[PDB]
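# Pasting an experimental structure, sequence included:
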Amino acid sequence: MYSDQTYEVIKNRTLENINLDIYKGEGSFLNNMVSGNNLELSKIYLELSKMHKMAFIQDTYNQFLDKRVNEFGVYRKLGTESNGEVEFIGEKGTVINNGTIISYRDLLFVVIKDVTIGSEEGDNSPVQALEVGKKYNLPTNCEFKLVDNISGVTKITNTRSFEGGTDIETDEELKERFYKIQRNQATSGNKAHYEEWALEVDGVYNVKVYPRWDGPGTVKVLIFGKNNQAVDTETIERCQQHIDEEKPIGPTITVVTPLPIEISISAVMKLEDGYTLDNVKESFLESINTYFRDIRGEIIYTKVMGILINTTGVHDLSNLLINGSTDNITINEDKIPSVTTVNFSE
Amino acid sequence: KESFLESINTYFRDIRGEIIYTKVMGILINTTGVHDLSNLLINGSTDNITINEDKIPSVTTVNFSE
């Protein structure tokens, strides 16, 4: 094949192809005449070998992948510039106009809106990276410096870490993305495809589909917000129109939200010295909020009393009552406990 | 039972004054593998017992059931 095809091999082949009266030998005029063209043909063979590699869908270059995805429509992502907010510290009344560029180390950043030092609007102004890339995602507490000197400005720092800086999508990543798109297509019943559209809303992070909730063909959409906290009504609505835009033909769709559950507690306890009711109350409510966040299933009475005694400032407690009972409280689905009444007596 | 024995032993090492029934309940529920407990009794009672001078608490009987 192409590896076999070389200057010497095709030289011998062409010498065999030509039968003629004059003897064939090294250094002959016809020898050199054939040898030059055979070197050219070896170069052509190398080019034809590279034809195979460049024709293949794999190991393509930027332009090759660009053409393939333009045919396919899965356009490559160019990345997003980092965005953040910085604080300007300096002489009061200093006005920094839009378009001013600030440099931290060798990085370059630009200020979007005008900021005035000491003004009632504040000294914080959003700053967007000049170029895309994760290197522009500067963390918090970075001392930005003006590229151009401006009187009245002394120190610039960011109170929040810069975000949004994304690198250019490489060839391989788009390749497996396209492969996954080709293998899997949107389908009516597969809960992954349906919940994909719901998950496109940033407010919700867990989506559940309940088949056969109101008879055949009825799909109940269950969504969970940030740590299973109900999202606003507008979020529910907009998710509803979105999923309806991508819902299949003729379903009945209902969207539900987690329902907070009130919690009322009452106990008699002996407080340790140097500790008041407010301190133990706030510590225990924080601890029980964490427990409610991390609890799966029914409420456990003994876990509640253990986290109450573990609260600092509790020596001896008694008569612990939760919602009028000391038994385990069953939590229904899509319901989260919420502390509403605390009755602590010393 | 062994984990609660170790916990109550270190609590007795760190205790001063009287044994507190509430600290006993808390150190039992905090034990790994404990989900829900009931009718906890120290010497058959839920009242704190005074640890007098030249006296230390000693664990003798452990009764746990599901």
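Happy to help now that I have it. Numbers count the residues shown, from 1 in each chain, chains lettered A, B, ... in the order given.
# contacts and neighbour counts: CA atoms only from here.
OK.
# Against residue A:167, how distant is the nearest residue to residue A:301 once chain neighbours are set aside?
Nearest residue to residue A:301, sequence neighbours excluded (C-alpha to C-alpha, 6 or more residues apart in numbering or on different chains): residue A:328, at 5.4 Å. According to C-alpha to C-alpha, to the nearest Å, residue A:328 and residue A:167 sit 51 Å apart.
# same deal with residue A:64?
Plainly put, residue A:64 is 20 Å away from residue A:167 if you go by C-alpha to C-alpha.
# Against residue A:41, how distant is the closest residue to residue A:34 other than its chain neighbours?
Nearest residue to residue A:34 in three dimensions, chain neighbours excluded: residue A:11, at 7.1 Å (C-alpha to C-alpha, 6+ apart). Separation of residue A:11 from residue A:41 (C-alpha to C-alpha): 10 Å.
# Look at the two and report which has more neighbours.
More crowded of residue A:11 and residue A:41, by other C-alpha atoms under 10 Å in any protein chain shown: residue A:11, with 21 against 17.
# Please, which helix or strand holds the more buried one?
Following DSSP states H and E, one finds residue A:11 within helix A:7-17.
# ok, back up a step: contacting residues around the residue nearest to residue A:301?
A:298-301 (C-alpha atoms under 8 Å, 6 or more residues apart in numbering or on different chains).
# Going through the residues you listed, which ones are buried?
Among these, the ones that count as buried by 16 or more other C-alpha atoms under 10 Å in any protein chain shown are A:299-301.
# what does chain A have sitting close to chain B?
Taking C-alpha under 8 Å from any C-alpha of the partner chain as the criterion, chain A approaches chain B at residues A:300-303, A:305-307, A:309-310, A:315-317.
# Redo those as JSON lines? Include secondary structure and distance to residue A:101.
Shown next, in JSON lines, are the residues of chain A next to chain B (DSSP: H, G, I helix; E, B strand; the rest coil; distance: C-alpha to C-alpha, whole Å):
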{"residue": "A:300", "secondary structure": "coil", "distance to residue A:101": "57"}
{"residue": "A:301", "secondary structure": "helix", "distance to residue A:101": "59"}
{"residue": "A:302", "secondary structure": "helix", "distance to residue A:101": "59"}
{"residue": "A:303", "secondary structure": "helix", "distance to residue A:101": "55"}
{"residue": "A:305", "secondary structure": "helix", "distance to residue A:101": "57"}
{"residue": "A:306", "secondary structure": "helix", "distance to residue A:101": "56"}
{"residue": "A:307", "secondary structure": "helix", "distance to residue A:101": "52"}
{"residue": "A:309", "secondary structure": "helix", "distance to residue A:101": "56"}
{"residue": "A:310", "secondary structure": "helix", "distance to residue A:101": "53"}
{"residue": "A:315", "secondary structure": "strand", "distance to residue A:101": "60"}
{"residue": "A:316", "secondary structure": "strand", "distance to residue A:101": "62"}
{"residue": "A:317", "secondary structure": "strand", "distance to residue A:101": "62"}
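# Tell me which two of these sit farthest apart.
Using C-alpha to C-alpha, the pair of the residues of chain A next to chain B lying farthest apart is A:300 and A:315, separated by 21.5 Å.
# Residue A:2 should be in a helix, yeah?
No - using DSSP: H, G, I helix; E, B strand; the rest coil, the secondary structure at residue A:2 is coil, not a helix.
# one step back: just the buried positions in the helix holding residue A:11, please.
Applying 16+ other C-alpha under 10 Å to helix A:7-17 flags A:7, A:10-11, A:15 as buried.
# wait, which of the contacts of residue A:328 is closest to residue A:72?
residue A:298 (50.7 Å).
# quick one: contacts for the closest one?
Applying C-alpha under 8 Å, 6+ apart, the residues near residue A:298 are A:328-332.
# just curious, which of the residues you listed is nearest to residue A:156?
Taking C-alpha to C-alpha as the measure, residue A:156 lies nearest residue A:331 of these, at 50.3 Å.
# any idea how far the spatially closest residue to the closest one that is not a sequence neighbour is from residue A:240?
Leaving out its chain neighbours, the residue that sits closest to residue A:331 by C-alpha to C-alpha, 6+ apart is residue A:298, at 4.7 Å. Remark: distance between residue A:298 and residue A:240 (C-alpha to C-alpha) = 30 Å.
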